[PDB]
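Letters go in sequence order (proteins before strands), and every chain restarts at 1. Computed over heavy atoms, backbone and side chain alike; hydrogens, waters and symmetry mates excluded.
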Amino acid sequence: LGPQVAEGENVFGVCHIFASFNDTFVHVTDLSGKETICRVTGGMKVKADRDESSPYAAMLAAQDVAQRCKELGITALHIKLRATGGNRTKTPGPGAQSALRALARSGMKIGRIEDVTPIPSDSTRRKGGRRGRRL
Amino acid sequence: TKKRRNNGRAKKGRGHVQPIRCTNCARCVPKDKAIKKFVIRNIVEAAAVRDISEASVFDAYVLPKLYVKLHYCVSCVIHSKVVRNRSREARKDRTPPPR
Amino acid sequence: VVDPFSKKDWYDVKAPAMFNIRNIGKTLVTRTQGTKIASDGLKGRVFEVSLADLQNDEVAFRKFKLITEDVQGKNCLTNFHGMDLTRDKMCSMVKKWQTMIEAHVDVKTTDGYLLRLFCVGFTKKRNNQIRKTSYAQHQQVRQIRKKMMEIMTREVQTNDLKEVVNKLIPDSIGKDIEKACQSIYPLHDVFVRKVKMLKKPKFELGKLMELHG
Amino acid sequence: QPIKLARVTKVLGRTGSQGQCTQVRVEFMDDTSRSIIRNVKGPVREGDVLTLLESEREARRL
Amino acid sequence: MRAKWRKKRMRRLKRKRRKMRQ
Amino acid sequence: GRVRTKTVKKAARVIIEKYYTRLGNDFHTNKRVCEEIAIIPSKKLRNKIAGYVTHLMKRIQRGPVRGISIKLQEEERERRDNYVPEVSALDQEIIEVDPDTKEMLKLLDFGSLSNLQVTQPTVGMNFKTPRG
RNA sequence: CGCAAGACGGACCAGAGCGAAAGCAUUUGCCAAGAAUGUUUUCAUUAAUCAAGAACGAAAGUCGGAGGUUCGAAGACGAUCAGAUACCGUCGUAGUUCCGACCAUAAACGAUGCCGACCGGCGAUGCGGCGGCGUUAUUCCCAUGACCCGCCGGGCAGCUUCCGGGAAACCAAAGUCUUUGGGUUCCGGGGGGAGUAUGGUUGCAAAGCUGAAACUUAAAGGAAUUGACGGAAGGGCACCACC
RNA sequence: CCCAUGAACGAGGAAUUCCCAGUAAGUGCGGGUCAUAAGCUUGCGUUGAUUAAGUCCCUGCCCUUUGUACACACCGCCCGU
Ligand SMILES: [Mg+2]
Ligand SMILES: [Mg+2]
Ligand SMILES: [Mg+2]
Ligand SMILES: [Mg+2]
Ligand SMILES: [Mg+2]
Ligand SMILES: [Mg+2]
Ligand SMILES: [Mg+2]
Ligand SMILES: [Mg+2]
Ligand SMILES: [Mg+2]
Ligand SMILES: [Mg+2]
Ligand SMILES: [Mg+2]
Ligand SMILES: [Mg+2]
Ligand SMILES: [Mg+2]
Ligand SMILES: [Mg+2]
Ligand SMILES: [Mg+2]
Ligand SMILES: [Mg+2]
Ligand SMILES: [Mg+2]
Ligand SMILES: [Mg+2]
Ligand SMILES: [Mg+2]
Ligand SMILES: [Mg+2]
Ligand SMILES: [Mg+2]
Ligand SMILES: [Mg+2]
Ligand SMILES: [Mg+2]
Ligand SMILES: [Mg+2]
Ligand SMILES: [Mg+2]
Ligand SMILES: [Zn+2]
């Protein structure tokens, strides 16, 4: 069920970890990034908008993704981590670290980590007003 | 009564400073006035460092860092305890905290 | 309904001959049903490969974008598409008490490949410097920028894509620029930040093979 | 993972919401050269032996 | 009352007065 | 908490400064001495004062104490402080001297000094801490 | 993986620079400007401050065009609340962008007119010039750049000080003031009524400039000291706290 | 005092009290009240532990700096229809 690769060699795919403050996306796709293998989110595991971005939902999503990818023959993963970016926050949400550790403990081999978040040169106007959000 | 000689900003010799936005509340604050903090932090925290290093495919990969410049408006700086209020004499000290 | 991964066939991606490591990974694509062709959907794809994986003992903060142009027998034939610097390295050099100089050139190689090269350098602090800041004046900045522009133009326009990539692998252009601008203002972290492909000639097999060993 | 023991070498401090855990430094009985910080729940003193079922986490300093 | 809103109310009153003595 | 109050400490200090000769390292002799030379209306207070006197005797045994000031002890202390080496540390066969102080001495009319050895000056003018 | 449309020039970016002030940050070219420094050039009092009269003048707003990505007064909803015509969320008009005409107002602030002289120190920093060992580009030549140690001049500032002032906070100017006079412009005279009414004037309009009185009132106000309080930050304590 | 009768109650929801050693808790005994009288209280012994040797998390209460337009002192002061 996948490529024919010797025991010593590992098949590589990239994993996009979109860690917003509303939920977390774990999205494994090919090295080229065009064909996807498993994409499950934190909202697909917890039925409560509160916990959509919790570390627990990210852990469950990462475990599901790692299991499906192992069933599909990929043993090594390339991690690229993204925050919301744009004019909004640049710090990744709480689910990123939990998802990374979850897919590490799931037997997956770890490639090289990279931080790919949209960093505007000089963006448009941020959503909040001149006085900003007041809550 | 004047509280600070610099008026709480660093505008000397110029008329206008470009507005910037607070990373927390998205508030227009002059760049010189805003409280800026540069965060260099390991992408993987120390708790998951062992798990990441054990599950790696390379040797001595050295985990990447994350570099973020946070800009905070005075209200957010005080509320988030990034900056505190000090005594009338302790206000004059410009030395950064040891940390 | 039925799992689409059962109808998807795997393929192997090969790096051009300039890189020591040729095999770089695998790529899955659906089979050929009628109008849909596996090769057609397997062509316009870009791979982001670190130089540490393409070469043997090269620095890992450089990445190369490799794009495939032909497929023959479970093999993907890729050609150079661009070059970038990793985000961490790019963010690690921009410090607060030095001047950063940047330049770019739209220069084309002998083999019809129109490129755009970006170069970044940073002013260095002397070993005995007491002054906290190391800033270059505007005329010095413009001189350094002109030198960088002319060096990249000279290095690219006289060669072809293969030799350009061969010079880009160890960053000879950055070392040349650091050597050149030492008299104007010492530079500290000089690099070819980004290389992007603006235009390409028509696809020709013979040169591809050549490239692809 | 196996279960392994560790001898307490020095009591670091008190941690917890109500100061209920003693954060301590332990060196492993077999290796004798690798040591870590863990929080132990209960009265602890010099030289007593803690059995760690998990044996590679580190308690957060202070 | 805030001075700005007092001025605003005064301006509304002036506008009413000007519109009334057309 | 075994922290002594100022009553105990001042009483002990005065007793020691006045009757240092009669005292020693023994609590049970010190308490008798205190009850003989002083008027302490309580036995517990007497015991506390004697205990602190014993502690302070041990303290003065290995040096001085900021509270006590014994007139006879200061004479012996300055006798120890009267140490004199055989050869003065200022008597040197050869003393190094920079060219600048050599020129200053020449201007002083003391340029005929022989013990001076004109050492080479520094090269780099780097004597300031970098700023930042 | 590409294409497009508009906006914006992050990090570098500083108690740094420039401009009369509003204000000014991707590269390159062109255009005319400008301060300081340098100067054994030149004129020879040509100067300082300014009723009248002029140029510029953030944002918002008004007439026309063009464009309309993002944001977004108004508005329509969803929440929260006892109520919410708000704070939070969704959409979203005018506007936000460019050109051409109006508007001339800001906590347009250093809440401190401009010109000139005198009166303490110290270390930095930006520009220009003058010196000096010694390191770097280079490999050798003078160079000229990058540092290093000083000096001078004009700046943005900083620390310090029993200069002296001040109600004090504080100020090296807010000092050289009853030991009261260097020159000169604006302008204040208890608090409200009120920057209101009216007249004039400018403007398409919104509004701008000028600007009262009747009447009312013993205070309003400024700095600083103690308490009390706080939904501000830190510590400390207690089985009438907790574990 | 005697003989009869023989209810709920099968360990108690939200929420709370008091406790660090001869202690808590069981168990009686005295004093007071008292003509008649202790399920109360105040003392006394008797049997006799679990757990803790810590912390500001809750609850208070202290400080310290800071803000105030309060000073009858936030149960203050104060604004407009
Ligand atoms: Mg200026
Ligand atoms: Mg302004
Ligand atoms: Mg930029
Ligand atoms: Mg006028
Ligand atoms: Mg005008
Ligand atoms: Mg405007
Ligand atoms: Mg406008
Ligand atoms: Mg219009
Ligand atoms: Mg919107
Ligand atoms: Mg309503
Ligand atoms: Mg809204
Ligand atoms: Mg005005
Ligand atoms: Mg004014
Ligand atoms: Mg200079
Ligand atoms: Mg010189
Ligand atoms: Mg200077
Ligand atoms: Mg006068
Ligand atoms: Mg004037
Ligand atoms: Mg008046
Ligand atoms: Mg009129
Ligand atoms: Mg006027
Ligand atoms: Mg006051
Ligand atoms: Mg507490
Ligand atoms: Mg105040
Ligand atoms: Mg009062
Ligand atoms: Zn904020």
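- Across the strands present, H:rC74 finds no partner; the criterion is a Watson-Crick or G-U wobble pair with both atom distances under 3.5 angstrom.
- Taking 90° from 0 as the syn/anti boundary, the base of G:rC99 is oriented anti.
- Remark: C:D88 engages no residue in a salt bridge (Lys or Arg N to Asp or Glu O under 4.0 Å) (not counting sequence neighbours).
- Nucleotide G:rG6 forms no Watson-Crick or G-U wobble pair with any nucleotide shown, as no partner meets the under 3.5 Å limit on both distances.
- For the criterion of Watson-Crick or G-U wobble pairing, both bonds shorter than 3.5 Å, the nucleotides G:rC88 and G:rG113 do not count as partners.
- As rounded to whole Å, 8 Å separates atom P of H:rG80 from atom CE of E:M1.
- G:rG78 and G:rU62: their P atoms are spaced 31 Å apart (whole Å).
- For the pair D:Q20 and B:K3, nearest-nucleotide mapping onto RNA chain H gives the more 5' position to D:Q20.
- In this entry G:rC229 has H:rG67 as its Watson-Crick or G-U wobble partner, both defining distances falling under 3.5 Å.
- Using a 4.0 Å cut-off, some side-chain N or O of B:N7 falls inside it from OP1 or OP2 of G:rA111.
- For the OP1/OP2 pair of G:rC8 and a distance below 4.0 Å, the side-chain nitrogens and oxygens of B:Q18 include no atom meeting the criterion.
- With both hydrogen-bonding distances under 3.5 Å required, G:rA21 and G:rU41 do not qualify as a Watson-Crick or G-U wobble pair.
- Using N1 to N3 plus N6-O4 or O6-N4 for Watson-Crick, or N1-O2 and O6-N3 for G-U wobble, each under 3.5 Å, G:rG100 pairs with G:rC63.
- For G:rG23 with G:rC18, the Watson-Crick or G-U wobble criterion holds, each of the two distances under 3.5 Å.
- The phosphate of G:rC109 has neither OP1 nor OP2 within less than 4.0 Å of any side-chain N or O from B:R14.
- Here the separation of G:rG235 from G:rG190, taken at their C1' atoms, is 49 Å to the nearest Å.
- The phosphate of G:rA124 has OP1 or OP2 within less than 4.0 Å of a side-chain N or O from F:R131.
- In terms of phosphate contacts, B:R5 brings a side-chain nitrogen or oxygen within less than 4.0 Å of OP1 or OP2 of G:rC171.
- Under the salt bridge (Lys or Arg N to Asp or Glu O under 4.0 Å) criterion, C:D12 pairs with C:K26, sequence neighbours left out.
- Between B:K2 and G:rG110 there is no side-chain N or O to OP1 or OP2 distance below 4.0 Å.
- Ranked by how close their nearest RNA chain H nucleotide is to the 5' end, B:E89 and E:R9 are led by B:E89.
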